[PDB]
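Take a look at the structure set out below.
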Amino acid sequence: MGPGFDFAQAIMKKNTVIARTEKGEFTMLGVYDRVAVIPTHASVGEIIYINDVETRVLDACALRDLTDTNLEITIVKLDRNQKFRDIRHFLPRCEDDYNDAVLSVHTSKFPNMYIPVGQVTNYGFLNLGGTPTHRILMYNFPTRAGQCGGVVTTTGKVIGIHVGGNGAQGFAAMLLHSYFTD
């Protein structure tokens with residue numbers, strides 16, 4: 001409807017796939033080459049489905065900060081015959097707060113879904129499903145099951161992926177440029 005949704009749409013149309021694990025169907029953001037991210041609670045194994053095609057996982061790394069605290073981001077390298085558009089230049093360099101964010105989801109259950117979630121707070125620490133977690137972003141929208149892996153954007157920035165909620169608020173793990181240096 002406006003320039004927030006335009007950026008969000010441009011990211012969904014070229015940089016997302018539908019990932020399926022034994023734990024469910026997820027929105028999966030492709031970042032560059034054959035490298036994508038997914039919530040760690042997806043429990044990525046040796047094999048994953050990408051748009052319903054059996055795909056070998058060349059590497060999977062559950063990120064933790066330097067205090068050995070969960071960040072809830074898994075970086076996956078896929079044995080895929082095609083590269084993603086490189087969007088690493090849209091990733092923030094530091095932890096921050098944001099105005100006027102959009103959460104975008106694309107699954108079988110929720111195709112072409114966009115939610116204006118408004119202000120995003122640098123929440124920091126969250127006990128997420130009983131797991132101490134750092135670098136959490138919070139927005140005040142009643143996010144539901146099926147939205148995990150959803151991409152959080154502002155105009156010009158891809159800032160996080162949705163990893164949970166409590167009925168009233170939603171929570172995203174931060175994406176930082178330094179996760180994807182090679």
Side-chain angles (χ1 to χ4, degrees), residues 4 7-8 10-17 19 21 26-45 48 50 55 57-80 82-106 117 119-129 131-139 143 147-165 169-182:
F7 184 75
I11 297 302
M12 300 305 288
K13 280 184 196 283
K14 290 301 174 147
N15 279 86
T16 61
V17 300
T21 68
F26 297 81
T27 305
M28 159 171 280
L29 177 72
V31 181
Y32 75 108
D33 289 358
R34 292 167 295 164
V35 176
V37 289
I38 192 174
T40 300
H41 73 250
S43 288
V44 179
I48 194 168
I50 303 293
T55 304
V57 172
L58 294 177
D59 184 60
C61 175
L63 294 189
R64 304 184 72 90
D65 71 13
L66 296 182
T67 66
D68 191 29
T69 311
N70 179 54
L71 293 167
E72 199 52 24
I73 297 292
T74 293
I75 306 174
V76 180
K77 184 141 169 196
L78 303 166
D79 197 5
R80 204 158 171 254
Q82 187 187 167
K83 298 181 185 47
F84 304 113
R85 175 199 188 191
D86 193 336
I87 57 166
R88 281 180 285 182
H89 61 282
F90 296 143
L91 298 178
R93 260 128 209 250
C94 59
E95 307 189 17
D96 207 355
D97 309 289
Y98 300 91
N99 308 314
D100 198 22
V102 168
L103 173 57
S104 47
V105 167
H106 188 85
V117 296
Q119 289 199 10
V120 176
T121 306
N122 179 359
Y123 197 84
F125 169 93
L126 185 66
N127 190 355
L128 174 67
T131 299
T133 302
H134 284 161
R135 284 181 180 156
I136 290 290
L137 299 166
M138 182 272 290
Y139 28 89
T143 64
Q147 279 156 213
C148 287
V151 181
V152 186
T153 61
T154 69
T155 71
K157 287 197 244 67
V158 178
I159 68 169
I161 63 159
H162 185 81
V163 291
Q169 309 174 306
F171 299 104
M174 281 179 195
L175 293 165
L176 301 174
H177 188 94
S178 55
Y179 298 163
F180 300 106
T181 64
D182 65 314

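The first residue of the sequence shown is numbered 1, and numbering continues consecutively from there.
- Using a 4.5 Å heavy-atom threshold, the side chains of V117 and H162 count as separate.
- How far CD1 of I87 is from CG of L29: 4.5 Å, rounded to the nearest 0.5 Å.
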Practice prompt. Determine, step by step, whether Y179 and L63 satisfy the side chain to side chain contact (heavy atoms under 4.5 Å, CB included) criterion, reporting the C-alpha distance in whole Å, the side-chain angles of both residues, the deciding distance to 0.1 Å, and the verdict.
Written response: CA-CA 9 Å; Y179 298 163; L63 294 189; 3.7 Å; yes
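- Heavy atoms only, all atoms of each residue included: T131 and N127 are closest at N-OD1, 3.1 Å.
- Taking the side chain as every heavy atom from C-beta outward, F180 and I75 approach each other to under 4.5 Å.
- In this structure the side chain of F90 never reaches within 4.5 angstrom of the side chain of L175, judged on heavy atoms.
- What you find for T153 and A8 is that their closest heavy atoms are OG1-CB, 3.6 Å.
- At a threshold of 4.5 Å between non-hydrogen side-chain atoms, the residues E72 and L126 do not count as touching.
- Atom OG1 in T55 sits 8.0 Å away from atom CD1 in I48 (nearest 0.5 Å).
- In this structure, the side chain of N15 does not engage the main chain of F84 through any donor-acceptor pair within 3.5 Å.
- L78 CG to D59 CG: the interatomic distance, rounded to the nearest 0.5 Å, is 10.5 Å.
- Taking each heavy atom of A60 and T74 in turn, the nearest pair found is CB-CG2, 4.3 Å.
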Ignoring hydrogens and angles, write down the donor-acceptor pairs under 3.5 Å from the side chains of residues 94-102, residues two or more places apart or on other chains.
{"from": "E95", "atom 1": "OE2", "to": "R135", "atom 2": "NE", "distance (Å)": "3.0"}
{"from": "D97", "atom 1": "OD1", "to": "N122", "atom 2": "N", "distance (Å)": "2.9"}

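- Nearest approach of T27 to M12, heavy atoms of both residues: CG2-CE, 4.1 Å.
- Rounded to the nearest 0.5 Å, atoms CG (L103) and OG1 (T143) are 7.0 Å apart.
- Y139 has its side chain out of reach of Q119: every pair of non-hydrogen atoms, C-beta onward, lies at least 4.5 Å apart.
- Distance check, rounded to the nearest 0.5 Å: CG of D68 to NE2 of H134 gives 11.0 Å.
- In terms of heavy-atom proximity, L71 sits nearest to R64 at CD1-C, 3.5 Å.
- In this structure, the side chains of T21 and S43 stay at 4.5 Å or more apart for every pair of heavy atoms.
- Going from atom OG1 of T16 over to atom NE2 of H106 covers 6.5 Å, rounded to the nearest 0.5 Å.
- Remark: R88 pairs with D86, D182 by the salt bridge (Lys or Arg N to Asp or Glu O under 4.0 Å) rule, at least two apart or across chains.
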N/O donor to acceptor pairs below 3.5 angstrom from side-chain atoms of residues 30-38, sequence neighbours left out:
none

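- In terms of heavy-atom proximity, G164 sits nearest to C148 at N-SG, 4.1 Å.
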